Amino acid sequence: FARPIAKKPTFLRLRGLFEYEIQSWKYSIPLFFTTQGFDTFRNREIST
Amino acid sequence: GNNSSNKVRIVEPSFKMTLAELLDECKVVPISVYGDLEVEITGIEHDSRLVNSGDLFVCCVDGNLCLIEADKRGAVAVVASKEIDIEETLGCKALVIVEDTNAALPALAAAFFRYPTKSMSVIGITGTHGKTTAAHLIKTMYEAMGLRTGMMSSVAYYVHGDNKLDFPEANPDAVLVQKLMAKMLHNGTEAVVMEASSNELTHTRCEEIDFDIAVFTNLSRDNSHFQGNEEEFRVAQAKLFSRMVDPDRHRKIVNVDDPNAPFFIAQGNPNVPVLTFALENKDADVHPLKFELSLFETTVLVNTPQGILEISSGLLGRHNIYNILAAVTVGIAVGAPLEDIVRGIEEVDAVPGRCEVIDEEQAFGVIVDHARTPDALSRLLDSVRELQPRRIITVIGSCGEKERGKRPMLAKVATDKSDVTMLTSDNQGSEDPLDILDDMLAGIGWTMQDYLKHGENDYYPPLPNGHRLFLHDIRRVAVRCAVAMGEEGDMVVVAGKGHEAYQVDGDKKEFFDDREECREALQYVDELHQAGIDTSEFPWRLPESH
């Protein structure tokens, strides 16, 4: 799950580079991910 | 009372009256009259795009193409400026051509509307600050004391009860004014609160208006381009007091706290009695002997002529205390009881889009203002200083057109009085948002070239006063993070536009309310509690990355 550093600001904390190979990530990150809409978080950045 | 939900009927009497009666009621010498005044007057208008069959259609302009439009519509009167014959190009109806349509337009409207301001408590309010808030509080107080009240402002129009007739542009001509006045007169209302705007009193309107109470809340120097000299500012604004002619049914509410209160009084009929409000100046008829202001609490022990009364409310703002003082003084002018005054004051808990405190189970006060001038943000910042909270964040909007000289000093006062600042993209209908964000810092001492060379190294800067930098464009995420900053008992201003329930970014128009998003974010604060490390400056909202 790549992180594109680009023109848009990075109010989302930190950057990360990519991490998706663990079977736990199916339901681990959703507790931490999104939490406010779907397109307003996932589609802003961290593209695949 | 009866329904409280169904719309009240538009009880407008269709006035029936003839042109000769118009000329006799308002004797104006004709310059381009022809034939005979054999015509029945059915309506009234000034602008051809709103002209229907049978209206006045009066406005000063030469060689207008709107004459043919009114002829097609069928206006009873069609008079802009030009001498025009009958039965060939304006055969719709007869002509009553006057020398100056603007001069006789209030007169013609009053004669047609049977001069409705005499049968009402038409109140004009002058000043610079708190005009809309004063109108709101006065109308709430007047509605509380067992009588209906109206509203004639530039931001809103409350016919009666709670229905709002759509607010038009800043100031139309007196045709619309008298139309809505007839609506007030014959829709169950018995009073109106009229804002004495500079454009209103300048454009020959107050000549045919009967003013019952004239109020002077506060004075400040603004729009000096129109008021080229302070003498013109002090005299044109004093025309409100000059309209006073009967010192037995009319009263004067004056602000002796301001220096030129006797000067304002002396501009016409000082016999009309003077009732004064002032907080810092205790030598006033109505004075808050005890004054206390907090972020969520406000206490006022005010010694009105009736006596000493306690007013407790969360409506903060020292100028708001001045405004409440003016309201109770106005109530004293009509002899209203203190209990009704308190009922009217408490009848409003959040005036629309101005100083709108939002407390959705939180300790950080969400507050918005009109904020169309940097001095408004400066004033709110001084109020915040007087109401010192823990941490200060102010979300700063932008400037619509090429007025680039405001945002330097705006950012100066913000960064000087706020520990952490924030910016957004509120109104940038002229240029690209990136350029607008670039212009935000243009006159005070810091250069955005550092914003060029970020490289994950400039994210932690401490601007001049060690305060924090700020940058963003997405309004939704900006306000979401702004509400998301609030940790415990800090200041969370997200102001910048006020009651503007939309968002423009150059060439966009959609639905967007700041207050609704603020309460929604206060609701998702519960989800926000699950994380929130690395809070202070930058960045935010993403855990498990350290």
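Residue numbers (the entry's author numbering), protein chains in the order written: chain C, 147 to 194; chain J, 229 to 774.
Beta carbons are placed, not taken as given, at the ideal position from N, Cα and C, and that holds for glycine.
Counted within 10 angstroms of its Cβ, other Cβ atoms place residue i as buried (16 or more) or exposed
| i | result |
| --- | --- |
| J:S233 | exposed |
| J:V289 | exposed |
| J:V257 | exposed |
| J:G625 | buried |
| J:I437 | buried |
| J:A578 | exposed |
| J:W768 | buried |
| J:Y386 | buried |
| C:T194 | exposed |
| J:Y550 | buried |
| C:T186 | exposed |
| J:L517 | exposed |
| J:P533 | exposed |
| J:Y343 | buried |
| J:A555 | buried |
| J:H757 | exposed |
| J:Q616 | exposed |
| J:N483 | buried |
| J:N685 | exposed |
| J:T557 | buried |
| J:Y730 | exposed |
| residue 201 of chain J | Residue 201 of chain J lies beyond the stretch modelled for chain J, which goes from 229 to 774, so this question has no answer here. |
| J:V239 | exposed |
| J:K630 | exposed |
| J:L278 | exposed |
Limits of the alpha helix (DSSP H) - the one that residue i falls within
| i | result |
| --- | --- |
| J:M422 | Where J:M422 is concerned, there is no enclosing alpha helix (DSSP H), although the beta strand (DSSP E) it sits in stretches over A419 to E423. |
| J:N548 | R546 to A561 |
| J:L609 | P602 to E614 |
| J:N427 | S426 to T430 |
| J:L404 | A402 to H414 |
| J:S540 | From DSSP, J:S540 is part of no alpha helix (DSSP H) but of the beta strand (DSSP E) over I536 to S540. |
| C:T186 | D185 to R188 |
| J:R479 | Segment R479 to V482 is the beta strand (DSSP E) holding J:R479; no alpha helix (DSSP H) there. |
| J:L529 | Segment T526 to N531 is the beta strand (DSSP E) holding J:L529; no alpha helix (DSSP H) there. |
| J:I493 | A489 to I493 |
| J:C746 | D742 to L756 |
8 Å Cβ cut-off: residues of chain C touching residue i
| i | result |
| --- | --- |
| J:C746 | The contacting residues do not exist; J:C746 stays about 14 Å from chain C at best. |
| J:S773 | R159, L160, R161 and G162 |
| J:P767 | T156, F157, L158, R159 and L160 |
| J:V705 | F157, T186 and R190 |
Contact list for residue i against chain C, beta-carbon separation under 7 Å
| i | result |
| --- | --- |
| J:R301 | Chain C residues near J:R301: none, gap ~50 Å exceeds 7 Å. |
| J:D762 | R159 |
| J:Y752 | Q182 |
Interface partners of residue i on chain C, CB under 9 Å
| i | result |
| --- | --- |
| J:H700 | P155 and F157 |
| J:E755 | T181 and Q182 |
| J:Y688 | Result: empty, since nearest Cβ-Cβ is about 13 Å, beyond 9 Å. |
| J:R708 | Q182 and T186 |
Range of the contiguous beta strand (DSSP E) that encloses residue i
| i | result |
| --- | --- |
| J:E253 | Run containing J:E253: none in the beta strand (DSSP E); it sits in the alpha helix (DSSP H), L247 to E253. |
| J:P771 | Where J:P771 is concerned, there is no enclosing beta strand (DSSP E), given that its DSSP letter is neither H nor E. |
| J:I620 | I620 to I624 |
| J:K630 | J:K630 -> no beta strand (DSSP E), and no H or E assigned at all. |
| J:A298 | Counting along the chain, J:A298 falls outside any beta strand (DSSP E), though it belongs to the alpha helix (DSSP H) covering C294 to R301. |
| J:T649 | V648 to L651 |
| J:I441 | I441 to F444 |
| J:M713 | Careful: J:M713 lies outside any beta strand (DSSP E), inside the alpha helix (DSSP H) at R703 to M713. |
| J:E520 | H515 to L521 |
| J:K467 | J:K467 -> not in any beta strand (DSSP E); alpha helix (DSSP H) instead, spanning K467 to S470. |
| J:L503 | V502 to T504 |
| J:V720 | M719 to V721 |
Any C-beta of chain D under 8 Å from that of residue i
| i | result |
| --- | --- |
| J:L697 | As a matter of chain content, chain D is missing from the structure shown, whose protein chains are C and J. |
Amino acids of chain J, ordered along the chain, whose beta-carbon sits closer than 9 Å to that of residue i
| i | result |
| --- | --- |
| C:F178 | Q758, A759, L770, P771 and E772 |
4 or more residues per run - each alpha helix (DSSP H) lying fully within the segment 331–395 of chain J = 359–372
Within 9 Å of chain J by C-beta, residues of the segment 152–172 of chain C in sequence order = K153, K154, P155, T156, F157, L158, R159, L160, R161 and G162
Which residues, taken in chain order from the segment 181–192 of chain C, show a beta carbon closer than 7 Å to some beta carbon of chain J?
-> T181, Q182 and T186
With a floor of 4 residues, list each alpha helix (DSSP H) that falls wholly inside the segment 561–594 of chain J, ordered by position along the chain.
-> 566–574
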